[PDB]
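my_file.pdb follows; it contains PDB, C-alpha atoms.
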```
ATOM      1  CA  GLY M   1      17.410  -4.298  -8.784  1.00  0.00           C
ATOM      2  CA  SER M   2      14.679  -6.696  -9.838  1.00  0.00           C
ATOM      3  CA  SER M   3      15.107 -10.316 -10.860  1.00  0.00           C
ATOM      4  CA  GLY M   4      11.791 -12.006 -11.547  1.00  0.00           C
ATOM      5  CA  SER M   5      12.193 -14.103 -14.672  1.00  0.00           C
ATOM      6  CA  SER M   6      14.658 -14.203 -17.543  1.00  0.00           C
ATOM      7  CA  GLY M   7      17.120 -17.044 -17.108  1.00  0.00           C
ATOM      8  CA  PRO M   8      20.735 -17.703 -16.101  1.00  0.00           C
ATOM      9  CA  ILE M   9      23.734 -15.523 -16.862  1.00  0.00           C
ATOM     10  CA  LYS M  10      26.531 -17.998 -17.474  1.00  0.00           C
ATOM     11  CA  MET M  11      26.303 -21.673 -18.346  1.00  0.00           C
ATOM     12  CA  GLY M  12      28.769 -24.383 -19.296  1.00  0.00           C
ATOM     13  CA  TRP M  13      30.009 -27.880 -18.548  1.00  0.00           C
ATOM     14  CA  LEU M  14      32.419 -27.616 -15.642  1.00  0.00           C
ATOM     15  CA  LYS M  15      34.379 -30.312 -13.848  1.00  0.00           C
ATOM     16  CA  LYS M  16      33.518 -30.604 -10.174  1.00  0.00           C
ATOM     17  CA  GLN M  17      35.744 -32.643  -7.891  1.00  0.00           C
ATOM     18  CA  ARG M  18      34.027 -35.568  -6.210  1.00  0.00           C
ATOM     19  CA  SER M  19      33.383 -35.671  -2.481  1.00  0.00           C
ATOM     20  CA  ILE M  20      36.270 -37.826  -1.320  1.00  0.00           C
ATOM     21  CA  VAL M  21      37.903 -38.785  -4.597  1.00  0.00           C
ATOM     22  CA  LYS M  22      40.627 -37.497  -6.887  1.00  0.00           C
ATOM     23  CA  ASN M  23      38.290 -37.561  -9.864  1.00  0.00           C
ATOM     24  CA  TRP M  24      36.443 -34.859 -11.765  1.00  0.00           C
ATOM     25  CA  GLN M  25      32.761 -34.872 -12.644  1.00  0.00           C
ATOM     26  CA  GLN M  26      31.898 -33.047 -15.846  1.00  0.00           C
ATOM     27  CA  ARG M  27      28.500 -31.565 -15.084  1.00  0.00           C
ATOM     28  CA  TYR M  28      26.425 -28.808 -16.640  1.00  0.00           C
ATOM     29  CA  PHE M  29      26.790 -25.720 -14.483  1.00  0.00           C
ATOM     30  CA  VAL M  30      24.340 -22.846 -14.752  1.00  0.00           C
ATOM     31  CA  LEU M  31      24.334 -19.387 -13.213  1.00  0.00           C
ATOM     32  CA  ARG M  32      20.883 -18.188 -12.227  1.00  0.00           C
ATOM     33  CA  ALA M  33      20.291 -15.056 -10.184  1.00  0.00           C
ATOM     34  CA  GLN M  34      22.366 -14.960  -7.020  1.00  0.00           C
ATOM     35  CA  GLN M  35      22.884 -18.707  -6.902  1.00  0.00           C
ATOM     36  CA  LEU M  36      25.103 -21.255  -8.606  1.00  0.00           C
ATOM     37  CA  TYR M  37      23.530 -24.486  -9.794  1.00  0.00           C
ATOM     38  CA  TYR M  38      24.680 -27.607 -11.601  1.00  0.00           C
ATOM     39  CA  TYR M  39      22.833 -30.423 -13.328  1.00  0.00           C
ATOM     40  CA  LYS M  40      23.950 -33.847 -14.493  1.00  0.00           C
ATOM     41  CA  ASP M  41      22.726 -33.048 -17.984  1.00  0.00           C
ATOM     42  CA  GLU M  42      20.894 -30.376 -19.939  1.00  0.00           C
ATOM     43  CA  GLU M  43      17.619 -32.268 -19.792  1.00  0.00           C
ATOM     44  CA  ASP M  44      16.546 -32.616 -16.179  1.00  0.00           C
ATOM     45  CA  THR M  45      14.733 -29.705 -14.576  1.00  0.00           C
ATOM     46  CA  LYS M  46      16.050 -29.992 -11.040  1.00  0.00           C
ATOM     47  CA  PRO M  47      19.224 -28.398  -9.661  1.00  0.00           C
ATOM     48  CA  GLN M  48      21.538 -30.679  -7.719  1.00  0.00           C
ATOM     49  CA  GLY M  49      23.767 -28.322  -5.768  1.00  0.00           C
ATOM     50  CA  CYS M  50      23.129 -24.687  -4.928  1.00  0.00           C
ATOM     51  CA  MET M  51      25.856 -22.314  -3.804  1.00  0.00           C
ATOM     52  CA  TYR M  52      25.045 -18.865  -2.474  1.00  0.00           C
ATOM     53  CA  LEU M  53      27.164 -16.484  -4.516  1.00  0.00           C
ATOM     54  CA  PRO M  54      26.385 -13.731  -1.999  1.00  0.00           C
ATOM     55  CA  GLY M  55      28.450 -15.528   0.615  1.00  0.00           C
ATOM     56  CA  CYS M  56      31.130 -17.616  -1.054  1.00  0.00           C
ATOM     57  CA  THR M  57      34.884 -17.451  -1.506  1.00  0.00           C
ATOM     58  CA  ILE M  58      36.381 -18.099  -4.922  1.00  0.00           C
ATOM     59  CA  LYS M  59      39.952 -19.263  -4.454  1.00  0.00           C
ATOM     60  CA  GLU M  60      42.214 -20.066  -7.380  1.00  0.00           C
ATOM     61  CA  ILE M  61      43.754 -23.465  -6.748  1.00  0.00           C
ATOM     62  CA  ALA M  62      46.941 -24.487  -8.516  1.00  0.00           C
ATOM     63  CA  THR M  63      47.778 -28.026  -9.565  1.00  0.00           C
ATOM     64  CA  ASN M  64      51.346 -29.264  -9.300  1.00  0.00           C
ATOM     65  CA  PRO M  65      54.018 -26.899  -7.969  1.00  0.00           C
ATOM     66  CA  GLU M  66      56.268 -27.343 -10.980  1.00  0.00           C
ATOM     67  CA  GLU M  67      53.479 -27.233 -13.538  1.00  0.00           C
ATOM     68  CA  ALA M  68      52.637 -23.775 -14.826  1.00  0.00           C
ATOM     69  CA  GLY M  69      49.375 -22.499 -16.259  1.00  0.00           C
ATOM     70  CA  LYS M  70      46.371 -24.088 -14.593  1.00  0.00           C
ATOM     71  CA  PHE M  71      42.749 -22.994 -14.472  1.00  0.00           C
ATOM     72  CA  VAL M  72      41.433 -24.428 -11.226  1.00  0.00           C
ATOM     73  CA  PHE M  73      39.296 -22.709  -8.616  1.00  0.00           C
ATOM     74  CA  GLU M  74      37.231 -23.874  -5.666  1.00  0.00           C
ATOM     75  CA  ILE M  75      34.229 -22.140  -4.145  1.00  0.00           C
ATOM     76  CA  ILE M  76      33.983 -21.941  -0.374  1.00  0.00           C
ATOM     77  CA  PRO M  77      30.495 -21.545   1.109  1.00  0.00           C
ATOM     78  CA  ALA M  78      29.771 -19.282   4.055  1.00  0.00           C
ATOM     79  CA  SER M  79      30.079 -20.648   7.572  1.00  0.00           C
ATOM     80  CA  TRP M  80      32.922 -23.147   7.629  1.00  0.00           C
ATOM     81  CA  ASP M  81      34.749 -23.742  10.889  1.00  0.00           C
ATOM     82  CA  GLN M  82      32.421 -25.425  13.354  1.00  0.00           C
ATOM     83  CA  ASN M  83      31.492 -28.171  10.919  1.00  0.00           C
ATOM     84  CA  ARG M  84      33.282 -31.361  11.890  1.00  0.00           C
ATOM     85  CA  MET M  85      30.955 -33.475   9.783  1.00  0.00           C
ATOM     86  CA  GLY M  86      30.854 -32.724   6.074  1.00  0.00           C
ATOM     87  CA  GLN M  87      31.452 -29.379   4.408  1.00  0.00           C
ATOM     88  CA  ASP M  88      34.073 -29.247   1.681  1.00  0.00           C
ATOM     89  CA  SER M  89      34.470 -26.370  -0.745  1.00  0.00           C
ATOM     90  CA  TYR M  90      33.395 -26.664  -4.363  1.00  0.00           C
ATOM     91  CA  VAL M  91      36.458 -27.628  -6.367  1.00  0.00           C
ATOM     92  CA  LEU M  92      35.539 -26.517  -9.866  1.00  0.00           C
ATOM     93  CA  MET M  93      37.750 -26.666 -12.934  1.00  0.00           C
ATOM     94  CA  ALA M  94      37.296 -25.259 -16.419  1.00  0.00           C
ATOM     95  CA  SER M  95      38.792 -26.593 -19.630  1.00  0.00           C
ATOM     96  CA  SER M  96      39.875 -23.231 -20.989  1.00  0.00           C
ATOM     97  CA  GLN M  97      40.897 -20.087 -19.146  1.00  0.00           C
ATOM     98  CA  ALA M  98      38.594 -17.682 -20.947  1.00  0.00           C
ATOM     99  CA  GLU M  99      35.967 -19.998 -19.512  1.00  0.00           C
ATOM    100  CA  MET M 100      37.302 -20.039 -15.971  1.00  0.00           C
ATOM    101  CA  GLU M 101      37.827 -16.295 -16.123  1.00  0.00           C
ATOM    102  CA  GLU M 102      34.206 -15.701 -17.051  1.00  0.00           C
ATOM    103  CA  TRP M 103      32.737 -18.160 -14.578  1.00  0.00           C
ATOM    104  CA  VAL M 104      34.905 -16.781 -11.799  1.00  0.00           C
ATOM    105  CA  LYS M 105      34.286 -13.255 -13.029  1.00  0.00           C
ATOM    106  CA  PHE M 106      30.533 -13.707 -12.834  1.00  0.00           C
ATOM    107  CA  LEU M 107      30.705 -15.860  -9.725  1.00  0.00           C
ATOM    108  CA  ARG M 108      32.949 -13.396  -7.933  1.00  0.00           C
ATOM    109  CA  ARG M 109      30.954 -10.542  -9.418  1.00  0.00           C
ATOM    110  CA  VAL M 110      27.575 -11.578  -8.066  1.00  0.00           C
ATOM    111  CA  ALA M 111      29.312 -12.699  -4.895  1.00  0.00           C
ATOM    112  CA  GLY M 112      30.593  -9.146  -4.667  1.00  0.00           C
ATOM    113  CA  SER M 113      27.083  -7.788  -4.271  1.00  0.00           C
ATOM    114  CA  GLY M 114      26.144  -8.170  -0.623  1.00  0.00           C
ATOM    115  CA  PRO M 115      24.702  -6.436   2.447  1.00  0.00           C
ATOM    116  CA  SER M 116      26.982  -3.414   2.479  1.00  0.00           C
ATOM    117  CA  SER M 117      26.025   0.171   1.737  1.00  0.00           C
ATOM    118  CA  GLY M 118      29.744   0.859   1.622  1.00  0.00           C
TER     119      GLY M 118
END
```
For this file, write the structure as structure tokens.
Amino acid sequence: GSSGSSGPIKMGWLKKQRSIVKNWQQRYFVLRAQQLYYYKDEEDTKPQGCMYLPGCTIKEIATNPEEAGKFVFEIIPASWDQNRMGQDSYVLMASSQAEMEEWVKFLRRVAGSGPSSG
């Protein structure tokens, strides 16, 4: 359809895993059109990271093996094999499930829509 102006679809503070650290960074994630963005705060007007929904892979990651009931999921961008430099998925984690379910839902949803007439 058409998507000129209106705003995002889903927004919330999500925890994104650092680059090469076992820490989580609580940032403000926003879902606008067919692209996932995330800002440090809800003040700035410039998106940090941008992930193409229409070409990503939402994989539900599980914490410990023993532990049960975890809402963790990482987003894998398109083209990832011949990159022996720097290209790690987007390890995102939500506080509550209902939250992770929605995010993923939307994320996966939009991601669903792609170049395929069937």
Applying 12 Å and all atoms listed in the file, which residues near residue 4 in chain M remain after dropping the ones on its own chain fewer than 5 positions away? List them as a PDB file with C-alpha atoms, in the coordinates of the input.
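Output file result_14.pdb is given in full below:
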```pdb
ATOM      1  CA  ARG M  32      20.883 -18.188 -12.227  1.00  0.00           C
ATOM      2  CA  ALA M  33      20.291 -15.056 -10.184  1.00  0.00           C
ATOM      3  CA  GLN M  34      22.366 -14.960  -7.020  1.00  0.00           C
TER       4      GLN M  34
END
```
Selection result for the PyMOL selection byres ((chain M and resi 55) around 7) on this file, as a ChimeraX atom specification: /M:52-54,56,77-78,111
Sphere at (26.4, -25.6, -3.8), radius 10 Å, counting only C-alpha atoms: residues as an MDAnalysis selection string: chainID M and resid 35:38 47:53 56 75:77 89:90
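When CA of residue 93 in chain M is paired with CA of residue 81 in chain M, their separation reads 24.2 Å.
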Explicit residue set for the PyMOL selection byres ((chain M and resi 39) around 12), as JSON, numbers by chain: {"M": [11, 12, 13, 14, 15, 16, 25, 26, 27, 28, 29, 30, 31, 36, 37, 38, 40, 41, 42, 43, 44, 45, 46, 47, 48, 49, 50]}
Keeping only C-alpha atoms, write those residues as a short mmCIF file (atom, residue, chain, number, x, y, z; two decimals), in the frame of the given file.
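For reference, out18.cif as written:
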```cif
data_model
loop_
_atom_site.label_atom_id
_atom_site.label_comp_id
_atom_site.auth_asym_id
_atom_site.auth_seq_id
_atom_site.Cartn_x
_atom_site.Cartn_y
_atom_site.Cartn_z
CA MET M 11 26.30 -21.67 -18.35
CA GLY M 12 28.77 -24.38 -19.30
CA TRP M 13 30.01 -27.88 -18.55
CA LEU M 14 32.42 -27.62 -15.64
CA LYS M 15 34.38 -30.31 -13.85
CA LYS M 16 33.52 -30.60 -10.17
CA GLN M 25 32.76 -34.87 -12.64
CA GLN M 26 31.90 -33.05 -15.85
CA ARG M 27 28.50 -31.56 -15.08
CA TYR M 28 26.42 -28.81 -16.64
CA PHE M 29 26.79 -25.72 -14.48
CA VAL M 30 24.34 -22.85 -14.75
CA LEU M 31 24.33 -19.39 -13.21
CA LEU M 36 25.10 -21.26 -8.61
CA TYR M 37 23.53 -24.49 -9.79
CA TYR M 38 24.68 -27.61 -11.60
CA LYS M 40 23.95 -33.85 -14.49
CA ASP M 41 22.73 -33.05 -17.98
CA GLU M 42 20.89 -30.38 -19.94
CA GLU M 43 17.62 -32.27 -19.79
CA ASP M 44 16.55 -32.62 -16.18
CA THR M 45 14.73 -29.70 -14.58
CA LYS M 46 16.05 -29.99 -11.04
CA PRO M 47 19.22 -28.40 -9.66
CA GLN M 48 21.54 -30.68 -7.72
CA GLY M 49 23.77 -28.32 -5.77
CA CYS M 50 23.13 -24.69 -4.93
#
```
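For the atom pair formed by CA of residue 112 in chain M and CA of residue 1 in chain M, the distance is 14.6 Å, given to one decimal.
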Please list as a compact mmCIF listing (two decimals) with C-alpha atoms, in the coordinates of the input every residue within 10 Å of residue 19 in chain M, counting only C-alpha atoms and excluding residues in the same chain fewer than 5 positions away.
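Contents of part12.txt, as written:
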```
# COMPACT_ATOMS: atom_id res chain seq x y z
CA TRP M 24 36.44 -34.86 -11.76
CA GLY M 86 30.85 -32.72 6.07
CA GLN M 87 31.45 -29.38 4.41
CA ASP M 88 34.07 -29.25 1.68
CA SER M 89 34.47 -26.37 -0.74
CA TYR M 90 33.40 -26.66 -4.36
CA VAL M 91 36.46 -27.63 -6.37
```
Hits of the PyMOL selection byres ((chain M and resi 70-72) around 8) in this structure, as a ChimeraX atom specification: /M:60-63,67-69,73-74,91-97,100
Box dimensions and centre (Å, one decimal) enclosing range 28-43 of chain M, axis-aligned, 6 Å extra per side, as lines of an AutoDock Vina configuration file:
```
center_x = 22.2
center_y = -24.4
center_z = -13.4
size_x = 21.2
size_y = 30.9
size_z = 25.0
```
Between CA of residue 7 in chain M and CA of residue 106 in chain M - distance in Å to one decimal: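 These two atoms are separated by 14.5 Å.
Restricting the calculation to all atoms listed in the file, the smallest distance between residue 9 in chain M and any of M:103, M:82, M:114, M:21 is found for M:103.
For the choices M:23, M:57, M:83, M:64, the atom-to-atom distance to residue 108 in chain M is smallest for M:57 when using all atoms listed in the file.
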Best match for closeness to residue 102 in chain M among M:65, M:85, M:10, M:80, counting all atoms listed in the file: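 Among M:65, M:85, M:10, M:80, it is M:10 that comes nearest to residue 102 in chain M.
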